[PDB]
Structure formats: structure tokens, C-alpha cells
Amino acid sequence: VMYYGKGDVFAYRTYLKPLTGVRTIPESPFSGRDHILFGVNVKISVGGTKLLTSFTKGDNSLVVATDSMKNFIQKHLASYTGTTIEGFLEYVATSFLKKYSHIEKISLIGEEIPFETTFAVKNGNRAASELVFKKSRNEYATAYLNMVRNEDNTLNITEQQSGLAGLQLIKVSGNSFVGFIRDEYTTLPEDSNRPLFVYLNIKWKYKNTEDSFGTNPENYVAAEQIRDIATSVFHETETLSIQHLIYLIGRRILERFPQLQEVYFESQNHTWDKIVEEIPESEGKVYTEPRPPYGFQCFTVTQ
């Protein structure tokens, strides 16, 4: 293994070209992105056999300073004329390999830094502000891209993946976990109605990488839309386990977006422990946080 790069390259751009012309789905009102504020956290990794002596001999002759990669990323966000994190990564990668001929491979991660709208009164009415936004520490979109230079100096994308990270969903009822193995290691009680609490990271891959860029936006799959599928399927489903849930979410995603090849899930169980099962004159209950150990599932659904 041999690579190096720069992490936590935060870059905030105002007034990126808006994302419009997207194709809608029943589960989501998503219709585009205003891009008044477009925030991204970028990680860049680069490799190539010509970097060996930077490690083995301390020769920096062919070392692009990681500080310079930070400058490269932030300057290119200024000159980017597209509309997606996916397309920004392609722009950075192609530009970087064109600039640095001795680099053979580049890998990029971009993580959205999301901002939400806020209310303001003006000119007689209250409406969403075009100026004041709220930084969100909840779920966020992600993008990943790897690009290589071939022997003939052409550049090729070798992997692309989009995603939604940090989605934390609790469904208060309509979930069971029963019928699992009950042996000498089992102390979990069967539960016909638990408040299942899942953390979800959902990643998708396109059949055709061009559809990830937003250039023909009707072919773009938006993380907002993926979020809303996940919440809708969770609501619709009398869940039998997280495993059961995530497969159903993945099936719906691939049905809604035939241009996707597959969807991958990383789920975690964070379901609360129950403290009060019955409350006089109410269907309510009381729960609290569990001990630290958390279940998890990793699963791919393909077309």
C-alpha cells in the first residue's frame, strides 16, 4: 500500500448553479436544490509508483504538498460550474491528474455539510430566508470517486458511489423481533412491539457513471429522495427485524430508480430499553438509553 493526501478539506461555496429538472418519486417532494450555500468536506488520496522514493529516500521532488491539494480543492470549487458533489469530484479528479502527470490514481470523498432554511418576516409576510441558514448535524449526502491514469495517458473512473449517511430513525410501534435463536447465550426477550431505532448509512451505485453528475438531471438520484424512501418504507412495514427492513428499503430504491445497479446498507440498532410497559389511561410507555453494545447489519441489494 502506498498513498497520501489531505482530509477535512472543508469548502463552502455560495451561489452554485441550482439543481433542477429532476425526476420525482411518490415517496418524496424533492424537486431540486437552491445552492445559495453549497458546503462540502473533501478527502483526497493519491498514488503512483513514482512516489516510492518520497518514502524510501526522503526525496520530495515529486511530492505535491498535501497543503497544496487543499488549495487545489478549494480553488476548483470556485471554478466549478456544475450542480452536484458527484460532478465536483469528477472535476477535481480529472483536473488533478491532468496537472500532475506522475500521479497514477486519485480517490476522492465528498461529504455534504447541510444547511436548512429558516423563517423571517419581511415586507408583510413570513417566508424562508434567502440569507440565513441553519447548520444541520443530522443526515448528509456523500460521494466517492476513484480515477486512474492509463498507460496511454487517458483517464478513467474506476469506481463511483453516492450515499446518505447519519440517518437516525425511530419508529414507536409496528416492529417485532421474535423467533430468533434461543439457546444458552440468549437473554434477549422476544418482543412483538418494540420502538425500533436504527441508524442508517445508504449507498448506491449507478449503472452509468454519467448519471451521477447531474448533467442530465432527470437521471440523478438524490439523497433527499433516498431518505424519504427509507422513512416511507419504515412506516409502511410491520418490521420483523432490521435485516427485513433494509432489504425492503433497498427493493423500493431499485424499483424507483431503475438506473441504479445496487444499493448498500450499513445499519445499527439503537433501540431503547423499556422501563414502564403500562401507563394508566394511556397507550404510552417510558424508555431509556441502552448499554453501549450495538447490533449492526451490512447488506447489498442488486437489480
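Between two forms, the rigid core is the largest collection of C-alphas that superpose within 1.5 Å. A residue's number is simply how far along the shown sequence it sits, counting from 1.
Asks: Superpose by the rigid core: which stretch, 149-157 or 134-142, shows more Cα shift in 8 other deposited structures of this protein?
Replies: Higher average C-alpha offset in 8 other deposited structures of this protein goes to 149-157.
Asks: Superpose on the core, then say which of 228-236 and 124-132 ends up with the larger RMS Cα offset from this form in 8 other deposited structures of this protein.
Replies: The stretch that sits farther from the shown form in 8 other deposited structures of this protein is 124-132.
Asks: Hey, does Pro280 drop out of the model in a third or more of the other PDB entries compared here?
Replies: In at least a third of the other entries, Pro280 has no coordinates.
Asks: What stretch has the higher average Cα B-factor here, 226-234 or 177-185?
Replies: Result: 177-185.
Asks: Using only C-alpha atoms and the B-factors in the entry, which stretch averages higher, 51-59 or 38-46?
Replies: Comparing averages over the C-alpha atoms only gives 51-59.
Asks: If you compare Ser101, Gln160, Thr142, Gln168, which has the highest Cα B-factor in the entry?
Replies: Of the candidates given, the C-alpha B-factor peaks at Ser101.
Asks: Highest Cα B-factor in the PDB entry belongs to which of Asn138, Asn153, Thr83, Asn201?
Replies: Highest C-alpha B-factor among the listed residues goes to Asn153.
Asks: Comparing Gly214 with the other modelled residues of its chain, is its CA B-factor in the lowest, middle or highest third?
Replies: For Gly214, whose C-alpha B-factor we compare with every modelled residue in the chain, the answer is the highest third.
Asks: Compare the C-alpha B factor of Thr66 with those of the other modelled residues in its chain, then answer lowest, middle or highest third.
Replies: Ranked within chain, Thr66 CA B lands in the highest tercile.
Asks: How does the C-alpha B factor of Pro195 compare with the rest of the chain: lowest, middle or highest third?
Replies: For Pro195, the deposited C-alpha B-factor lands in the middle third.
Asks: In terms of the CA temperature factor given in the entry, to which third of its chain does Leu245 belong: lowest, middle or highest?
Replies: Ranked within chain, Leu245 CA B lands in the lowest tercile.
Asks: If you rank the chain by CA B-factor, which third does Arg13 end up in: lowest, middle or highest?
Replies: According to the entry, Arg13 has a C-alpha B-factor in the chain's middle third.
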